[PDB]
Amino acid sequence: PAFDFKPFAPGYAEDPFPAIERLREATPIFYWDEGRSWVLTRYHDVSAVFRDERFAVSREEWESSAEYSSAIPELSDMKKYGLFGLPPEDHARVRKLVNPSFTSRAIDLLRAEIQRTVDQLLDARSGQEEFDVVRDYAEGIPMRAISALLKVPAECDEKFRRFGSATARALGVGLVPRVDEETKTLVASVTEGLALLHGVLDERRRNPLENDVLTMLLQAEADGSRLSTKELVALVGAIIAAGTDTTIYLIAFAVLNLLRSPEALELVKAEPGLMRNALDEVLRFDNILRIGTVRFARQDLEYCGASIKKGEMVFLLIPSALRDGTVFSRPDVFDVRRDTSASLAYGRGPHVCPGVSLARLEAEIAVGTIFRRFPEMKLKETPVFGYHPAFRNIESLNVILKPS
């Protein structure tokens, strides 16, 4: 019961539910075989850990703090001075410093730009031959959004996406046995990223702008002292890496689920206003993650029958927690008219996702346009699923915009 767990077993990133259900039903918390980290699977236990001050997100309360003083020494300052490397206090400070630039009203100004990119991708490979929603559509949206936000030209767009992808899989190199890319190039992508990032920051420092996120941050460091070089460059790099693949897999999953559910798609056609809720149910019904989010214990305790090593890692199994029958009625149903307030897709507590509104705005316009301009769009072949350490990645998704 509390036994097996094959989060990399082929056919899991396509349908991990039938398997992860059983762990859930039986054991409210097991101990992943090779993992040396427990694995919570139930909703109310998963949630409580989030807003729980007894747990931590960092390594200075791990089994080894000197485990990240090794392997990829280049992201050192990003793990120590980044959003997951700041002790609780320091983290509250940087968040309130940055949160306001992420409110839905603040990012709203990025609509025309995003639509703009959304049309170029569409109207540049339509009436061609075939269309891959990942490679020809999603992959090209998220970096353009963040670039517009930091006010970087569309030329740096390719460079930065390669940087965030690399970084996301690399920072997860201590939490999971395998990876999708190789340490050689991956390391080049990170170094080359920090490189550009340092040029971008020197120029903004030189030519500051009004009502601007980098400008603002550059002051709060060299002014009043609420932010520091380290915590800053870390901050920007985290943001890119944290909101690159995630948004890609939201957009992709959504199209897939609107193709896998004509009921659902016939409702978002009748009342577009559902699209915002639909996209939230997409993460609820079928989460982009593989295992979840990670918390390290600070001091021994026995959460639901389990004494844990002061420093021992714990995974919050987010795909299953969102399939919890006691919280969501008919939980194995993709229902666009459902109440999704309880979703934990974007987390809970002090580290709740600051990119939530941006992510919704991007997919709202990504998913809304393509369907509206290609309503008869149907799937082509079965969708392929890679082996990313952090989440169920979908490498391919081809469809026919208008059959015949």
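Residue numbers run from 1 along the displayed sequence.
* 109-117 versus 302-310 - which carries the larger mean C-alpha B factor in the record -> For C-alpha atoms only, the mean B-factor is higher in 302-310.
* **Mean Cα B-factor comparison, 338-346 or 375-383, giving the higher one as deposited** => The recorded data point to 375-383.
* Asked: Of the choices 200, 264, 188, 297, which one's C-alpha carries the largest B-factor in the record?
  -> Each of 200, 264, 188, 297 was compared by C-alpha B-factor; the highest is 297.
* Highest-ranked of 141, 75, 279, 291 once sorted by CA temperature factor in the record -> Going by the entry's C-alpha B-factors, 75 comes out highest.
* Is the Cα B-factor recorded for residue 174 in the lowest, middle or highest third of its chain? -> Answer is highest: the recorded C-alpha B-factor places it there.
* **Cα B factor band for residue 87 (lowest, middle or highest third within the chain)** => Ranked within chain, residue 87 CA B lands in the highest tercile.
* residue 225 by Cα B-factor - lowest, middle or highest third of the modelled chain -> Highest third, going by the recorded CA B-factors of the chain.
* To do: Select lowest, middle or highest to describe the third in which the CA B-factor of residue 39 falls within its chain in this entry.
  => Within its chain, residue 39 is a highest-third residue by C-alpha B-factor, going by the deposited values.
* **Cα B factor band for residue 365 (lowest, middle or highest third within the chain)** => Within its chain, residue 365 is a lowest-third residue by C-alpha B-factor, going by the deposited values.
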